[PDB]
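Chemist: Got model-v9.tsv for you, TSV, C-alpha atoms and all ligand atoms:
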```
chain	number	residue	atom	x	y	z
A	1	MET	CA	147.84	163.20	47.34
A	2	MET	CA	146.22	163.49	50.74
A	3	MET	CA	147.02	166.40	53.00
A	4	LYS	CA	146.96	166.64	56.79
A	5	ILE	CA	145.22	169.92	57.66
A	6	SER	CA	145.14	171.10	61.28
A	7	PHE	CA	142.81	173.94	62.23
A	8	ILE	CA	143.38	175.99	65.38
A	9	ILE	CA	140.53	177.82	67.10
A	10	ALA	CA	139.87	178.99	70.65
A	11	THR	CA	136.50	177.24	71.07
A	12	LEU	CA	133.98	175.32	69.01
A	13	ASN	CA	131.13	177.48	70.31
A	14	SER	CA	128.22	178.94	68.33
A	15	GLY	CA	130.12	181.89	66.82
A	16	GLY	CA	130.22	182.58	63.11
A	17	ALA	CA	133.91	181.74	62.74
A	18	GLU	CA	133.18	178.35	64.31
A	19	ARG	CA	130.25	177.86	61.93
A	20	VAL	CA	132.61	178.47	59.00
A	21	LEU	CA	135.34	176.18	60.35
A	22	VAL	CA	132.96	173.26	60.93
A	23	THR	CA	131.61	173.61	57.39
A	24	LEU	CA	135.17	173.68	56.02
A	25	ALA	CA	136.33	170.77	58.19
A	26	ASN	CA	133.33	168.62	57.25
A	27	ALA	CA	133.86	169.30	53.54
A	28	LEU	CA	137.58	168.48	53.65
A	29	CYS	CA	137.56	165.53	56.05
A	30	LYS	CA	136.89	162.70	53.57
A	31	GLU	CA	139.57	163.29	50.95
A	32	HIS	CA	142.03	164.79	53.46
A	33	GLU	CA	143.02	164.18	57.09
A	34	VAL	CA	141.47	167.03	59.07
A	35	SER	CA	142.12	167.81	62.73
A	36	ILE	CA	141.16	170.69	65.02
A	37	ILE	CA	143.24	172.03	67.91
A	38	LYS	CA	141.16	174.08	70.32
A	39	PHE	CA	142.14	175.92	73.48
A	40	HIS	CA	139.16	174.89	75.63
A	41	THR	CA	137.23	171.69	76.26
A	42	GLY	CA	133.64	171.15	75.14
A	43	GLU	CA	131.50	169.60	72.44
A	44	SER	CA	131.13	171.34	69.09
A	45	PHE	CA	127.93	173.39	69.00
A	46	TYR	CA	127.77	172.70	65.27
A	47	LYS	CA	127.68	169.08	64.18
A	48	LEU	CA	131.18	167.90	63.24
A	49	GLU	CA	131.81	164.85	61.07
A	50	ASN	CA	133.32	161.79	62.73
A	51	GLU	CA	136.46	161.82	60.56
A	52	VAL	CA	137.47	165.17	62.04
A	53	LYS	CA	139.79	164.58	64.96
A	54	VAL	CA	139.50	167.09	67.83
A	55	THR	CA	142.04	167.78	70.58
A	56	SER	CA	141.88	170.25	73.43
A	57	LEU	CA	144.86	171.78	75.16
A	58	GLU	CA	145.32	171.12	78.85
A	59	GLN	CA	143.26	173.36	81.12
A	60	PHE	CA	144.85	175.55	83.78
A	61	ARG	CA	143.91	177.61	86.82
A	62	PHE	CA	143.39	181.38	86.61
A	63	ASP	CA	142.14	182.16	90.13
A	64	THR	CA	145.26	183.30	92.02
A	65	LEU	CA	147.94	185.76	90.98
A	66	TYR	CA	150.56	183.01	90.61
A	67	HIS	CA	148.28	181.01	88.32
A	68	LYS	CA	147.16	184.12	86.41
A	69	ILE	CA	150.82	184.46	85.34
A	70	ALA	CA	152.17	180.90	85.25
A	71	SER	CA	149.17	179.52	83.34
A	72	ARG	CA	149.51	182.07	80.53
A	73	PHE	CA	153.01	180.72	79.90
A	74	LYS	CA	151.90	177.10	80.30
A	75	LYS	CA	149.04	177.68	77.84
A	76	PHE	CA	151.42	179.10	75.23
A	77	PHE	CA	153.82	176.17	75.51
A	78	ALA	CA	150.97	173.65	75.47
A	79	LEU	CA	150.06	175.14	72.09
A	80	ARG	CA	153.68	175.07	70.92
A	81	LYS	CA	153.82	171.42	71.94
A	82	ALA	CA	150.60	170.57	70.08
A	83	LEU	CA	152.06	172.20	66.95
A	84	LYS	CA	155.44	170.44	67.28
A	85	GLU	CA	153.78	167.04	67.69
A	86	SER	CA	151.29	167.68	64.96
A	87	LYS	CA	152.04	166.06	61.70
A	88	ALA	CA	149.99	168.62	59.79
A	89	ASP	CA	151.11	169.68	56.35
A	90	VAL	CA	149.51	173.08	57.04
A	91	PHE	CA	148.14	174.99	60.01
A	92	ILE	CA	145.02	177.16	59.63
A	93	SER	CA	144.05	179.37	62.58
A	94	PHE	CA	140.82	181.32	63.08
A	95	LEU	CA	140.30	184.74	64.76
A	96	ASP	CA	142.83	187.50	65.41
A	97	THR	CA	143.95	186.78	68.98
A	98	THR	CA	144.30	183.09	68.09
A	99	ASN	CA	146.16	183.97	64.88
A	100	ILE	CA	148.66	185.99	66.92
A	101	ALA	CA	149.15	183.15	69.41
A	102	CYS	CA	149.80	180.71	66.56
A	103	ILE	CA	152.30	183.00	64.82
A	104	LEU	CA	154.32	183.28	68.03
A	105	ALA	CA	153.99	179.60	68.97
A	106	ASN	CA	155.00	178.50	65.45
A	107	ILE	CA	158.30	180.44	65.55
A	108	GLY	CA	161.09	178.08	64.53
A	109	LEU	CA	158.81	175.26	63.41
A	110	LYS	CA	158.49	174.67	59.68
A	111	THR	CA	154.83	173.76	59.10
A	112	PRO	CA	153.37	176.75	57.22
A	113	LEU	CA	150.59	178.74	58.89
A	114	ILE	CA	147.54	180.29	57.20
A	115	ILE	CA	145.72	182.82	59.39
A	116	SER	CA	142.05	183.62	58.82
A	117	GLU	CA	140.24	186.88	59.64
A	118	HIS	CA	136.53	186.76	60.52
A	119	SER	CA	135.65	190.41	61.04
A	120	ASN	CA	136.41	193.81	59.63
A	121	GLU	CA	139.89	195.01	60.55
A	122	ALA	CA	138.30	197.96	62.38
A	123	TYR	CA	136.58	195.60	64.85
A	124	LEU	CA	139.83	195.23	66.83
A	125	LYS	CA	139.85	198.35	69.02
A	126	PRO	CA	142.71	198.36	71.60
A	127	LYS	CA	145.89	199.95	70.26
A	128	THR	CA	148.10	197.28	71.82
A	129	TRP	CA	146.35	194.45	69.97
A	130	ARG	CA	146.37	196.42	66.71
A	131	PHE	CA	150.12	196.85	67.24
A	132	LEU	CA	150.66	193.13	67.88
A	133	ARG	CA	148.58	192.33	64.80
A	134	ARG	CA	150.62	194.78	62.71
A	135	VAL	CA	153.96	193.29	63.75
A	136	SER	CA	153.02	189.57	63.79
A	137	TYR	CA	150.77	189.18	60.73
A	138	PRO	CA	153.66	189.72	58.24
A	139	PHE	CA	155.12	186.43	59.50
A	140	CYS	CA	152.16	184.30	58.43
A	141	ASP	CA	152.42	182.36	55.19
A	142	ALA	CA	148.98	183.51	53.98
A	143	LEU	CA	146.00	185.47	55.28
A	144	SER	CA	142.39	184.85	54.29
A	145	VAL	CA	140.09	187.88	54.36
A	146	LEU	CA	136.36	188.35	53.79
A	147	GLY	CA	136.20	191.53	51.69
A	148	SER	CA	138.15	193.60	49.20
A	149	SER	CA	138.48	196.43	51.72
A	150	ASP	CA	140.31	194.28	54.27
A	151	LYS	CA	142.30	192.84	51.37
A	152	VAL	CA	143.75	196.26	50.56
A	153	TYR	CA	144.28	197.04	54.26
A	154	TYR	CA	146.27	193.89	54.98
A	155	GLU	CA	148.08	193.67	51.65
A	156	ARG	CA	150.10	196.69	52.68
A	157	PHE	CA	152.12	194.68	55.19
A	158	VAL	CA	151.22	191.03	54.37
A	159	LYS	CA	152.63	189.32	51.28
A	160	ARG	CA	149.88	186.83	50.44
A	161	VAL	CA	146.30	187.84	51.21
A	162	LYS	CA	143.39	186.05	49.58
A	163	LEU	CA	139.70	186.98	49.53
A	164	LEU	CA	137.82	183.81	50.53
A	165	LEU	CA	134.07	184.07	51.03
A	166	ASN	CA	132.46	181.94	53.71
A	167	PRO	CA	130.68	178.74	52.66
A	168	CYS	CA	127.09	178.38	53.87
A	169	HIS	CA	126.13	174.86	54.93
A	170	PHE	CA	122.53	175.53	53.87
A	171	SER	CA	123.68	175.56	50.23
A	172	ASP	CA	123.85	171.74	50.36
A	173	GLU	CA	120.69	171.11	52.42
A	174	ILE	CA	117.90	173.36	51.07
A	175	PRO	CA	116.86	172.68	47.45
A	176	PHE	CA	116.93	175.81	45.29
A	177	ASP	CA	113.28	175.35	44.27
A	178	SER	CA	111.99	175.09	47.85
A	179	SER	CA	108.70	176.80	48.63
A	180	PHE	CA	107.90	178.29	52.02
A	181	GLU	CA	104.61	179.25	53.62
A	182	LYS	CA	105.69	182.21	55.69
A	183	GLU	CA	104.20	183.35	58.97
A	184	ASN	CA	103.92	186.89	60.32
A	185	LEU	CA	107.38	186.50	61.81
A	186	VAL	CA	110.32	188.92	62.08
A	187	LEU	CA	113.73	187.72	63.24
A	188	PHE	CA	116.80	189.09	64.94
A	189	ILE	CA	119.52	186.43	65.10
A	190	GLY	CA	122.84	187.10	66.75
A	191	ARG	CA	124.95	187.60	69.84
A	192	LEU	CA	123.48	190.15	72.26
A	193	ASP	CA	126.31	192.66	72.63
A	194	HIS	CA	126.74	196.36	71.86
A	195	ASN	CA	128.21	195.87	68.39
A	196	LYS	CA	125.21	193.81	67.25
A	197	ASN	CA	122.96	196.59	68.63
A	198	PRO	CA	119.74	194.65	69.38
A	199	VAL	CA	118.28	197.72	71.10
A	200	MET	CA	117.85	199.24	67.62
A	201	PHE	CA	115.64	196.26	66.79
A	202	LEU	CA	113.50	196.81	69.90
A	203	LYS	CA	113.12	200.55	69.32
A	204	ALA	CA	112.16	199.95	65.69
A	205	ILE	CA	109.39	197.56	66.77
A	206	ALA	CA	107.93	200.16	69.15
A	207	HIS	CA	107.61	202.56	66.19
A	208	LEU	CA	105.71	200.12	63.95
A	209	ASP	CA	102.05	200.61	63.12
A	210	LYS	CA	99.83	199.29	65.85
A	211	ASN	CA	98.26	197.10	63.10
A	212	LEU	CA	101.68	195.37	62.73
A	213	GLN	CA	102.80	195.04	66.36
A	214	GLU	CA	99.59	193.17	67.24
A	215	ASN	CA	99.60	190.82	64.22
A	216	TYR	CA	103.31	189.93	64.00
A	217	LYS	CA	105.74	187.88	66.06
A	218	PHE	CA	109.16	189.40	66.77
A	219	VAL	CA	111.79	186.85	67.77
A	220	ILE	CA	115.32	187.34	69.08
A	221	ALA	CA	117.43	184.19	68.71
A	222	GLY	CA	120.74	184.36	70.56
A	223	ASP	CA	122.34	185.18	73.91
A	224	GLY	CA	124.93	187.49	75.39
A	225	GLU	CA	125.80	190.04	78.03
A	226	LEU	CA	122.85	192.32	77.19
A	227	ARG	CA	120.09	189.69	77.57
A	228	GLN	CA	118.83	190.91	80.96
A	229	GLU	CA	118.92	194.60	80.03
A	230	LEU	CA	117.05	193.92	76.77
A	231	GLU	CA	114.17	192.16	78.53
A	232	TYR	CA	113.71	195.26	80.70
A	233	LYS	CA	113.66	197.52	77.64
A	234	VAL	CA	110.95	195.27	76.16
A	235	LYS	CA	108.89	195.87	79.27
A	236	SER	CA	109.53	199.54	79.36
A	237	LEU	CA	108.67	200.08	75.72
A	238	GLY	CA	105.54	198.03	76.04
A	239	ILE	CA	106.27	195.69	73.13
A	240	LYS	CA	106.08	191.91	72.75
A	241	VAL	CA	109.38	190.26	71.83
A	242	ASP	CA	110.19	186.59	72.42
A	243	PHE	CA	113.71	185.78	73.60
A	244	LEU	CA	114.48	182.20	72.57
A	245	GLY	CA	117.99	182.25	73.96
A	246	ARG	CA	120.55	180.45	71.84
A	247	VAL	CA	118.71	178.10	69.48
A	248	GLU	CA	120.11	175.10	67.62
A	249	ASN	CA	117.33	174.84	65.02
A	250	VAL	CA	117.60	178.19	63.26
A	251	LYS	CA	116.39	176.44	60.10
A	252	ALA	CA	112.85	176.31	61.52
A	253	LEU	CA	112.92	180.06	62.20
A	254	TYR	CA	114.22	180.93	58.72
A	255	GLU	CA	111.59	178.73	57.06
A	256	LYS	CA	108.69	180.60	58.67
A	257	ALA	CA	110.17	184.10	58.80
A	258	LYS	CA	109.35	186.86	56.33
A	259	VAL	CA	112.06	189.34	57.37
A	260	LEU	CA	115.39	189.39	59.22
A	261	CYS	CA	117.00	192.52	60.68
A	262	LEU	CA	120.72	193.12	61.19
A	263	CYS	CA	121.63	196.20	63.24
A	264	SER	CA	125.40	195.87	63.68
A	265	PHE	CA	127.93	198.70	63.63
A	266	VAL	CA	130.84	196.54	62.41
A	267	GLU	CA	130.69	193.19	60.60
A	268	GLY	CA	132.99	191.06	58.50
A	269	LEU	CA	130.63	188.99	56.36
A	270	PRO	CA	127.52	188.48	58.49
A	271	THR	CA	126.31	184.89	58.35
A	272	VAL	CA	122.62	185.71	58.80
A	273	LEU	CA	122.67	187.85	55.64
A	274	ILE	CA	123.85	184.74	53.76
A	275	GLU	CA	121.70	182.10	55.46
A	276	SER	CA	118.60	184.21	54.73
A	277	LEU	CA	119.18	183.80	50.98
A	278	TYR	CA	118.25	180.11	51.04
A	279	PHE	CA	114.90	180.56	52.86
A	280	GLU	CA	113.46	183.59	51.01
A	281	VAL	CA	113.88	185.74	54.13
A	282	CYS	CA	113.95	189.43	53.25
A	283	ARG	CA	117.09	191.10	54.58
A	284	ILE	CA	117.04	194.52	56.23
A	285	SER	CA	120.46	195.62	57.41
A	286	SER	CA	122.22	198.61	58.85
A	287	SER	CA	125.07	199.86	56.69
A	288	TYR	CA	127.60	198.32	59.05
A	289	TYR	CA	131.12	199.58	58.54
A	290	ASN	CA	132.01	198.82	55.01
A	291	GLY	CA	130.89	195.50	53.46
A	292	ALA	CA	127.11	195.97	53.49
A	293	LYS	CA	126.77	196.79	49.79
A	294	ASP	CA	128.72	193.63	48.92
A	295	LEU	CA	125.76	191.61	50.26
A	296	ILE	CA	122.70	193.83	49.64
A	297	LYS	CA	121.80	195.88	46.59
A	298	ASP	CA	119.47	198.39	48.22
A	299	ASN	CA	115.87	198.02	46.94
A	300	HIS	CA	116.87	195.16	44.61
A	301	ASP	CA	117.58	192.16	46.88
A	302	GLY	CA	117.25	193.75	50.32
A	303	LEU	CA	117.12	197.02	52.18
A	304	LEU	CA	119.81	199.12	53.87
A	305	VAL	CA	119.46	201.70	56.63
A	306	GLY	CA	121.91	203.99	58.36
A	307	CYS	CA	123.67	202.73	61.46
A	308	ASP	CA	121.72	203.25	64.70
A	309	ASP	CA	118.71	204.61	62.75
A	310	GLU	CA	115.76	202.90	64.42
A	311	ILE	CA	113.30	205.21	62.63
A	312	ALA	CA	114.57	204.17	59.20
A	313	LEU	CA	114.48	200.52	60.25
A	314	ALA	CA	110.81	200.86	61.20
A	315	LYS	CA	109.92	202.45	57.86
A	316	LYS	CA	111.74	199.76	55.87
A	317	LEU	CA	110.03	197.11	58.00
A	318	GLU	CA	106.64	198.65	57.25
A	319	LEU	CA	107.54	198.92	53.57
A	320	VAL	CA	107.89	195.14	53.10
A	321	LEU	CA	105.32	194.07	55.69
A	322	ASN	CA	102.65	196.27	54.05
A	323	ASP	CA	103.64	195.12	50.51
A	324	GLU	CA	104.10	191.36	50.11
A	325	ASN	CA	104.71	191.57	46.35
A	326	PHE	CA	107.63	193.93	46.97
A	327	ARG	CA	109.04	191.59	49.63
A	328	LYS	CA	108.71	188.63	47.25
A	329	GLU	CA	110.53	190.56	44.52
A	330	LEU	CA	113.45	191.34	46.84
A	331	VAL	CA	113.89	187.72	47.95
A	332	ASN	CA	113.52	186.44	44.38
A	333	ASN	CA	116.35	188.72	43.26
A	334	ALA	CA	118.37	187.67	46.31
A	335	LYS	CA	118.29	184.03	45.17
A	336	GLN	CA	120.84	184.86	42.45
A	337	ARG	CA	123.45	185.15	45.23
A	338	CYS	CA	122.98	181.61	46.61
A	339	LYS	CA	125.66	180.31	44.23
A	340	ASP	CA	128.28	182.68	45.68
A	341	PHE	CA	128.52	180.66	48.90
A	342	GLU	CA	128.43	177.02	47.79
A	343	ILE	CA	130.79	174.78	49.73
A	344	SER	CA	132.28	173.12	46.65
A	345	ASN	CA	133.83	176.17	44.97
A	346	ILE	CA	135.07	177.69	48.24
A	347	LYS	CA	136.63	174.40	49.36
A	348	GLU	CA	138.70	174.24	46.17
A	349	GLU	CA	139.94	177.82	46.60
A	350	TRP	CA	141.15	176.86	50.08
A	351	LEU	CA	142.92	173.85	48.56
A	352	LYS	CA	144.46	176.15	45.94
A	353	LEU	CA	145.74	178.46	48.69
A	354	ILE	CA	147.12	175.52	50.70
A	355	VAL	CA	148.98	174.21	47.64
A	356	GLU	CA	150.32	177.69	46.84
A	357	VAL	CA	151.62	177.98	50.40
A	358	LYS	CA	153.06	174.44	50.43
A	359	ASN	CA	154.91	175.06	47.14
A	360	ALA	CA	156.61	178.28	48.27
A	401	LIG	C1	131.16	191.31	64.34
A	401	LIG	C2	131.67	190.32	63.29
A	401	LIG	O1	132.57	190.63	62.57
A	401	LIG	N1	131.07	189.02	63.18
A	401	LIG	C3	131.62	188.08	62.15
A	401	LIG	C4	131.82	186.72	62.79
A	401	LIG	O2	130.56	186.23	62.99
A	401	LIG	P1	129.83	186.26	64.49
A	401	LIG	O3	130.71	185.77	65.54
A	401	LIG	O4	129.54	187.61	64.95
A	401	LIG	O5	128.42	185.36	64.43
A	401	LIG	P2	127.35	185.41	63.13
A	401	LIG	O6	126.30	186.40	63.35
A	401	LIG	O7	127.99	185.89	61.91
A	401	LIG	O8	126.74	183.86	62.96
A	401	LIG	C5	126.36	183.27	64.17
A	401	LIG	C6	125.81	181.88	63.88
A	401	LIG	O9	125.28	181.15	64.81
A	401	LIG	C7	124.00	181.21	64.63
A	401	LIG	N2	123.01	181.22	65.72
A	401	LIG	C8	122.67	182.37	66.33
A	401	LIG	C9	121.75	182.35	67.36
A	401	LIG	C10	121.19	181.12	67.73
A	401	LIG	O10	120.38	181.06	68.62
A	401	LIG	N3	121.56	180.02	67.10
A	401	LIG	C11	122.46	180.03	66.11
A	401	LIG	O11	122.78	179.01	65.55
A	401	LIG	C12	123.73	181.48	63.27
A	401	LIG	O12	122.57	181.13	62.56
A	401	LIG	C13	125.05	181.57	62.73
A	401	LIG	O13	125.51	180.87	61.61
A	401	LIG	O14	132.45	185.79	61.85
A	401	LIG	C14	131.57	185.65	60.63
A	401	LIG	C15	132.17	184.70	59.67
A	401	LIG	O15	133.49	185.12	59.32
A	401	LIG	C16	131.24	186.99	59.98
A	401	LIG	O16	132.42	187.55	59.39
A	401	LIG	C17	130.70	187.96	60.97
A	401	LIG	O17	130.49	189.24	60.37
A	402	CL	CL	126.97	183.64	67.92
A	403	CL	CL	149.23	183.65	94.50
A	404	K	K	124.42	183.52	70.27
A	405	NA	NA	132.93	184.24	65.54
A	406	NA	NA	125.47	187.43	61.12
```
Now that the file is in, can you turn its structure into structure tokens?
Modeler:
Amino acid sequence: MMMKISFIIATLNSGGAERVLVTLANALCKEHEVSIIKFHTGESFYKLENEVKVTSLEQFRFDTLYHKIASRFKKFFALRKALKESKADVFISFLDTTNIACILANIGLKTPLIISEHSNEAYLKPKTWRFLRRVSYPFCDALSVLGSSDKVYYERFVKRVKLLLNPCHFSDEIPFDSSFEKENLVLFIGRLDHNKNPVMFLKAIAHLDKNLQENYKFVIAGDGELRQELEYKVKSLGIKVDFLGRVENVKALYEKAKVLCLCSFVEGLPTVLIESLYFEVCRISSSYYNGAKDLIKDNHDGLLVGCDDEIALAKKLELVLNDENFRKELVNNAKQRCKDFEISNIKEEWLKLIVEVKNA
């Protein structure tokens, strides 16, 4: 039997949740009828298959006080309309604020709703949103989480919670026996905000051996609020870092790069620590709040440092850059994890969850 699956997401931007949704939609869209409802107009940053149907809600004004109030109500009822008129067998929403909007908008309708979390629960800070999450999430039909820790957190007040790892689209594009001729290249890939902490990357570079700073390229791929302030820090520290902005061909960076650094305080299941597995990129990561050891076995397939510890990051960087055989050992061991994120097995566990929710 074919199922009509409608995803709901705020935008189809470059974020990691969007990357996961597009991979899921593309995998499901040939056997099943897949549609996406998004709150804002625009073309998908990630390439979406032609069978996936995309609709955007109507856009509204938010410039005057009247419109700042009336358009919030119009936006909610535009979503309720799109759900009413949808002939989906199941709704699947992405990201907490969107999950909450879908739970409220779906009140009284009968299509079941699966909500999907794409961060650690601790990432949501304001007490009012944590309250709304606490009171609305019990009314979903199922919740997908990214780690066992968030599973136990949510399971306390949500009936059906399932741990679903994210599929990586590189698992179907890069052959497992690929060889790479690496350059003296170090990457930071991610949004430039406080949580991602790119300043830790810059400070670590300034502490590297002269010998390394002059013979290595350090690349920041991504954009965000902190872009301008980071370029000043680069000047003030007297280092050479190349800001590429937001790049569409991250594959070319991964192919040439020896090392990637993640400096976040809080992550769900960081995509760059998965994508690196398929290109023999050595992973150095802060011990972001809670899931880091689920992706890196320290000194076996990668290296962990304390949060906000730019000195430790520099030493770990020097440890693999001054010892290529040790770096090669880490990335060889990391290859055993490539099978954990194949699209095929994760797609079927989503289909199992959809069937379990449709049969209740
Ligand atoms: C703070 C947080 O919880 N973030 C979570 C959120 O991911 P994020 O929203 O924080 O983004 P991410 O870092 O996990 O991935 C961003 C993605 O876009 C990429 N990219 C980046 C720069 C660029 O120039 N070009 C480009 O394509 C990239 O290679 C990638 O797949 O959702 C993910 C999937 O659930 C993970 O759970 C993340 O941990
Ligand atoms: Cl992003
Ligand atoms: Cl007004
Ligand atoms: K970005
Ligand atoms: Na995201
Ligand atoms: Na990431």
Chemist: Nearest to residue A:204: which of A:186, A:25, A:3, A:330 is it, counting only C-alpha atoms?
Modeler: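 Using only C-alpha atoms, residue A:204 sits closest to A:186.
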Chemist: For ligand K 404 (chain A), which residue out of A:112, A:190, A:147, A:42 is the nearest one, using all atoms listed in the file?
Modeler: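 Under the stated criterion, the closest residue is A:190.
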Chemist: Point out the residue among A:130, A:210, A:53, A:358 with the least atom-to-atom distance to residue A:318, counting only C-alpha atoms.
Modeler: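 When distances to residue A:318 are compared using only C-alpha atoms, the smallest one comes from A:210.
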Chemist: How would you write, as a ChimeraX atom specification, the set of residues no farther than 6 Å from ligand CL 403 (chain A) when counting all atoms listed in the file?
Modeler: /A:64-66
Chemist: Using all atoms listed in the file, what table do you get, as JSON lines, when you list each residue of chain A with an atom no more than 12 Å from ligand CL 402 (chain A), its nearest pair of atoms, and their distance in Å rounded to one decimal, rows by chain then rising number?
Modeler:
```
{"residue": "A:11", "atom": "CA", "partner": "A:CL402", "partner_atom": "CL", "distance": 11.9}
{"residue": "A:12", "atom": "CA", "partner": "A:CL402", "partner_atom": "CL", "distance": 10.9}
{"residue": "A:13", "atom": "CA", "partner": "A:CL402", "partner_atom": "CL", "distance": 7.8}
{"residue": "A:14", "atom": "CA", "partner": "A:CL402", "partner_atom": "CL", "distance": 4.9}
{"residue": "A:15", "atom": "CA", "partner": "A:CL402", "partner_atom": "CL", "distance": 3.8}
{"residue": "A:16", "atom": "CA", "partner": "A:CL402", "partner_atom": "CL", "distance": 5.9}
{"residue": "A:17", "atom": "CA", "partner": "A:CL402", "partner_atom": "CL", "distance": 8.9}
{"residue": "A:18", "atom": "CA", "partner": "A:CL402", "partner_atom": "CL", "distance": 8.9}
{"residue": "A:19", "atom": "CA", "partner": "A:CL402", "partner_atom": "CL", "distance": 8.9}
{"residue": "A:20", "atom": "CA", "partner": "A:CL402", "partner_atom": "CL", "distance": 11.8}
{"residue": "A:45", "atom": "CA", "partner": "A:CL402", "partner_atom": "CL", "distance": 10.4}
{"residue": "A:46", "atom": "CA", "partner": "A:CL402", "partner_atom": "CL", "distance": 11.3}
{"residue": "A:188", "atom": "CA", "partner": "A:CL402", "partner_atom": "CL", "distance": 11.9}
{"residue": "A:189", "atom": "CA", "partner": "A:CL402", "partner_atom": "CL", "distance": 8.4}
{"residue": "A:190", "atom": "CA", "partner": "A:CL402", "partner_atom": "CL", "distance": 5.5}
{"residue": "A:191", "atom": "CA", "partner": "A:CL402", "partner_atom": "CL", "distance": 4.8}
{"residue": "A:192", "atom": "CA", "partner": "A:CL402", "partner_atom": "CL", "distance": 8.6}
{"residue": "A:193", "atom": "CA", "partner": "A:CL402", "partner_atom": "CL", "distance": 10.2}
{"residue": "A:196", "atom": "CA", "partner": "A:CL402", "partner_atom": "CL", "distance": 10.3}
{"residue": "A:221", "atom": "CA", "partner": "A:CL402", "partner_atom": "CL", "distance": 9.6}
{"residue": "A:222", "atom": "CA", "partner": "A:CL402", "partner_atom": "CL", "distance": 6.8}
{"residue": "A:223", "atom": "CA", "partner": "A:CL402", "partner_atom": "CL", "distance": 7.7}
{"residue": "A:224", "atom": "CA", "partner": "A:CL402", "partner_atom": "CL", "distance": 8.6}
{"residue": "A:245", "atom": "CA", "partner": "A:CL402", "partner_atom": "CL", "distance": 10.9}
{"residue": "A:246", "atom": "CA", "partner": "A:CL402", "partner_atom": "CL", "distance": 8.2}
{"residue": "A:247", "atom": "CA", "partner": "A:CL402", "partner_atom": "CL", "distance": 10.1}
{"residue": "A:248", "atom": "CA", "partner": "A:CL402", "partner_atom": "CL", "distance": 11.0}
{"residue": "A:250", "atom": "CA", "partner": "A:CL402", "partner_atom": "CL", "distance": 11.8}
{"residue": "A:270", "atom": "CA", "partner": "A:CL402", "partner_atom": "CL", "distance": 10.6}
{"residue": "A:271", "atom": "CA", "partner": "A:CL402", "partner_atom": "CL", "distance": 9.7}
{"residue": "A:272", "atom": "CA", "partner": "A:CL402", "partner_atom": "CL", "distance": 10.3}
```
